[PDB]
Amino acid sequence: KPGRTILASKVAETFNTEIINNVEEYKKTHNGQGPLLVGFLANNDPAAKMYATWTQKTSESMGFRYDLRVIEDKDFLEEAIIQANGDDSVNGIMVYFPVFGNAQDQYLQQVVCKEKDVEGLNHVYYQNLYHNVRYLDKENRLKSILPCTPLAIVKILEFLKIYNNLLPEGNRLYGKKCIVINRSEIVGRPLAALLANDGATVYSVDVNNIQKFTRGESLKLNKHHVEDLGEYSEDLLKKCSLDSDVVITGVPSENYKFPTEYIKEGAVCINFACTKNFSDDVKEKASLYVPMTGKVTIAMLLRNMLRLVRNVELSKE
């Protein structure tokens, strides 16, 4: 029996009602105006532009004052971010990567004012995710947000009902096997960790080697315990994936193909890469298939902003 297909939009539909209401309350207190979310586009990519347009329309639709400040020359994007940080009118900032396409982007993600960083690119949010820190302040008022991409995927699994919503917080994924074909510091590694923290065993795939992320094994630090595995062998990946009942993928290659033999029956497949790295025939094998995150990522990024704003008001004094 062929597997169904769930669109990112359908998942995002769920959050609309929640997000909207939060914005309305904001509008009251802030004399009719909603929060100003700025988006920096500094790359010449049709896909990025398309996504940017999506974020634009979706946010405006909800009631956000969205501004898409496009930069010509890469190096000035930084400067733009600086004055934007100081711009009180600006309530949230996001950057459309790849800007430079290397370490620089990772530098830039640390330039955005932490309080306004809606995507959760700032290092602090990453540490907190790895060390299971829920808040920021001592008095537990300011809740620490998580980077939208992995947070979205999680929410996707929650929607798909994989997260057994009958177990205590941080263990809903107990008896589950997951595999993430990506270990990028921006999404892959954090995603795998985030999953493992919820109970599931994770097979983290990388070009060089594979690893097995599991629950924290220390008392000095509540961080996921990594179990290193054999060097990247094609047939090895197969074995790992076959055991995994949940597979996530995010390889940048526009011509990547995840062998459908690897997919286990009933396996839930999710792709976050801006490209189609999944082989079409995957439908009959996977129980559920989500072609691309995108729209879901946007919803999270938005609600994250709402949390940041609430945090600003919460830390106003």
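All residue numbers refer to positions in the sequence shown, first residue = 1.
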Self-check item: Average Cα temperature factor in the PDB entry - higher stretch of 102-110, 230-238
Solution: 230-238
Quiz prompt | Stretch exceeding the other in mean C-alpha B-factor - 166-174, 190-198 | solution = 166-174
Quiz prompt | Criterion, highest CA B-factor; candidates, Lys257, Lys57, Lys28, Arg69 | solution = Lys257
Self-check item: C-alpha B-factor winner, where the candidates are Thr249, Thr53, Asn44, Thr275
Solution: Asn44
Practice problem: Looking at the entry's B-factor column for C-alpha atoms only, identify whether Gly34 ranks in the lowest, middle or highest third of its chain. | Solution: highest
Practice problem: Name the third of the chain's ranked CA B-factors that contains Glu217, choosing lowest, middle or highest. | Solution: middle
Self-check item: Entry-reported Cα temperature factor of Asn122, expressed as the chain third it lands in
Solution: highest
Quiz item: When the modelled residues of the chain are sorted by Cα temperature factor, does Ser244 land in the lowest, middle or highest third?
Solution: middle
Quiz prompt | Chain-relative CA temperature factor third for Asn208 | solution = highest
